[PDB]
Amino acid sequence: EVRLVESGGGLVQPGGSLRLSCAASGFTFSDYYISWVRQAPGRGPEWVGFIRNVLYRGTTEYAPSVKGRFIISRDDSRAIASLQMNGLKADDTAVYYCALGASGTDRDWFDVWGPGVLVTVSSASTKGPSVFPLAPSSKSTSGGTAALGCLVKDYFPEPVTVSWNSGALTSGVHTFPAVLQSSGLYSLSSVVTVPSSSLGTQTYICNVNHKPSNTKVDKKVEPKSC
């Protein structure tokens, strides 16, 4: 498959610096133009820059607002491209994507994207979440259907990922957008709906990963007798 695997998301300090990396496989990496594109919360994409392919080896272009502060580079032998960010204002907080040029020209659009990584620019320290069960009970009567979940509380920065039963459980899952609490820490819940008759014989586990603090928690959510 064609894969663009990004690294570098997480918390970075204003007046610090940060390199995002884009590791490619599945195609002749050196023959493609690599773009970096970012997207601040609630806004549309903004092209950051690109680096051309082997016919114009190493040549780059940038958006005016990052020129001088950001540097794009590539190492074709390792099949990686990078974005070295040395300015870092709080305004640079955004999801960053690497992406391939569809045509390999300066008149280009992007048909292959990496998954995006969230960069949070803040003078602050990381905090891993506490994870609490949202246990199913009679107060999740609906039919022969029960709701259960996990509350992921008091972490910084975003994001957190949640899976259920290590990814085996996917139907009926809703993971909510986090909310920023007055403490300045985020909180999120993830719920799933399952048949009632499964609660006695199927264990349900929420797998929480907060990469910015390396916090990983697997929490069994057990039925209550209430």
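Each residue number is its position in the shown sequence, starting from 1.
- Identify the stretch, either 177 to 185 or 47 to 55, whose C-alpha atoms have the larger mean B-factor according to the entry. For C-alpha atoms only, the mean B-factor is higher in 177 to 185.
- Query: Do the CA atoms of 30 to 38 or those of 57 to 65 have the higher mean B-factor in the entry?
  - Reply: So the stretch with the higher mean C-alpha B-factor is 57 to 65.
- Which one, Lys139, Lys127, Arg74, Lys153, has the peak C-alpha temperature factor per the PDB entry? Of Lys139, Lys127, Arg74, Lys153, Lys139 has the highest C-alpha B-factor.
- Task: Choose from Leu88, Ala81, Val95, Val112 the residue with the greatest Cα B-factor as stated in the PDB record.
- Result: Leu88 has the highest C-alpha B-factor of those listed.
- Query: Sorting the chain's CA B-factors, does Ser103 end up in the lowest, middle or highest third?
  - Reply: Ranked within chain, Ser103 CA B lands in the lowest tercile.
- Task: Can you work out whether the C-alpha temperature factor of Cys226 puts it in the lowest, middle or highest third of the chain?
- Result: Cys226: CA B-factor falls in the highest third of its chain.
- Determine, from the deposited record, the chain-internal third of the Cα B-factor for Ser197: lowest, middle or highest. Within its chain, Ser197 is a highest-third residue by C-alpha B-factor, going by the deposited values.
- Item | Position of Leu134 among the chain's modelled residues by C-alpha B-factor, lowest, middle or highest third | It falls in the middle third of the chain.
- Query: By the record's CA B-factor, is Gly116 among the lowest, middle or highest third of residues in the chain?
  - Reply: Its C-alpha B-factor, which the entry lists for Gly116, ranks in the lowest third among residues of this chain.
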